[PDB]
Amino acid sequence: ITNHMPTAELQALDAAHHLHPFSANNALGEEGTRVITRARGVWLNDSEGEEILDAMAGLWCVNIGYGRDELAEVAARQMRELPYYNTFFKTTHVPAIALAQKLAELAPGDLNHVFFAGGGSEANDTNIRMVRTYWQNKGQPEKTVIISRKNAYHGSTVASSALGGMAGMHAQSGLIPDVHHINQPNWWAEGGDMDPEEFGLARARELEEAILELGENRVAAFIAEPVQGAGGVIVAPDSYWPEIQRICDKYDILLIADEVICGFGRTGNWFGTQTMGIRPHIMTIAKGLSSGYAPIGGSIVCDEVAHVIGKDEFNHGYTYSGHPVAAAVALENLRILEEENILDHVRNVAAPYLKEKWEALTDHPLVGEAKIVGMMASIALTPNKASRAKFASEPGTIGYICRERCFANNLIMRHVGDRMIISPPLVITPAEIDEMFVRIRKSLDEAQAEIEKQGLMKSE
C-alpha cells in the first residue's frame, strides 16, 4: 500500500476500511474517492498525476501553502528530543511555553493565556466548560446559557455541534441543554426588502432580546465566528458587529470569538476579531495555527477569565493538550507568517487583487452576489437575481453541480447549499489567482449549461 499501488486498488482499500467525515459512506465507497498524494505551494497532485489548484487550502487551513519543509525539519528535531510529554502532572515542556507566549503576543487586548487542545471542536468544548466554570467560581452558578446562531459552525463534538446552527447535525445527537440560537445576519437569503445596514442592526439586537428573554442572570456567553465560514462565508452587514459589541459591553456575559477559520491571516489580520474591532474574552483557535501541518488547537483567554478559572481545579484537558511536536510545528508556522510578512502580502497584494476579480463575478448569469473578507469568499448562485431567488431543488443540488465541474476542471472550490466558497493559501500570487479564475469561470459556464439542460433553472 503505497502511492505506487494502482488508483482503483487504493480506492477499494479506502472503501473497505475508512469512514469519511461528513459523508454518505456506502455510496462514497462505491463511487470511489480521489486520492491526494503530494502538494506544493497552492497545487496538489492526485494518484493519477493531475495538477490541481487548491483554492480551499486543505480545509481553510494551509495558510502558508504546501511544501514548507522548514516545518518538517522542526517536527523531526522535536520528535527526537521529546516527542511527547503531558502538561497534567505539574509539568510542562518548552514548546508549550514558547507557543503560548507567542500566541499571547499576537492576540489583541489582554488575551494572554492559552489552554491547548487537539483542534477547534475540542477547544470549543474547553470554552463551554470554561465559561460555565468561570461563572460558578464568580458565585453565579445559574449563568449557564450559551447563545450562538443559526447556520453557525463551531465543531463536531456533541457539545460543539450543539453550539453550531446546523439542523442536520442537531438531529444526529448534536444537542445539549442551555444553548440558544439567534438568527444569522445573512442579508442575501434572509434580509427581505430591508436595507442591509438596518438588517445588520436588527439581527444584532436579537442578542439583547435573547438576553432579556432568558434573563441576564441565566446567560453565560455569546459565541460567534467573525465571518461564518462553513455556513457559506456569510459576511455580516458592517453595522452588525459594533451593535453586538455594544450589547456585550452593556450586559454581564462573556464573548467568545470563534477564530478557527478566521484566525492567522485569513481575514487580512492575525484574527477576525481585529478585522471586526471586537473585544472577546476568549478566542477559539486551530487550522491556520499550524497551517494544518500538525493537529493542534486551543483557546486564548483574557486575564480576568484565566485568573478566575485558575483559583481552583479545572477538571478538564486532553492527553495531547500542548503536544510538543505539534506545538513546535505551530511555532515555526507563526515564525514564517510573521518573519516573511505574509500579512503584508495579503493586505497589499493578494487580498486587493482577489477582491476586484471576486466581486466582478456578479456579471456571470448564475451569480447573484459575491462576498469577500480578506482571503475567504463566497458567491450565491440563483435562477433569478431580481428576487434573490433560491432554487426550487433542495439547497445543494445546484452547488453540487458546480462543485463537480470545479473538480473535473482541477480546481478545489467547495459548495455550501447553493453558495460556492474559496479560502486559498494566503501566499497565493496574482498569477495563481488568474489561473483560479480561468477554472472558476469555466466551471460556472459549464454548471449553468447543465442547470439549463436539466430543467433546474427554477425559482422556489
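So that there is no doubt, residue numbering starts at 1 and follows the sequence shown.
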If you average the Cα B factors in the entry, which is higher, 370-378 or 352-360?
352-360
With B-factors read from the PDB entry, the higher C-alpha mean of 335-343 and 200-208 is in 335-343
Reading the B-factor column for Cα atoms of 102, 250, 281, 150, the highest value belongs to 250
Scanning 124, 156, 291, 217 for peak Cα temperature factor in the entry gives 217
Compared with the other modelled residues in the chain, in which third is the CA B-factor of residue 20?
lowest
If you rank every modelled residue in this chain by C-alpha B factor, which third holds residue 310: lowest, middle or highest?
middle
Sort the modelled residues of this chain by their C-alpha B factor and say whether residue 316 lands in the lowest, middle or highest third.
lowest
Would you mind checking where the Cα B-factor of residue 45 ranks among the modelled residues of its chain, as the lowest, middle or highest third?
middle
Please rank the C-alpha B-factors of the chain's modelled residues and tell me whether residue 167 sits in the lowest, middle or highest third.
middle
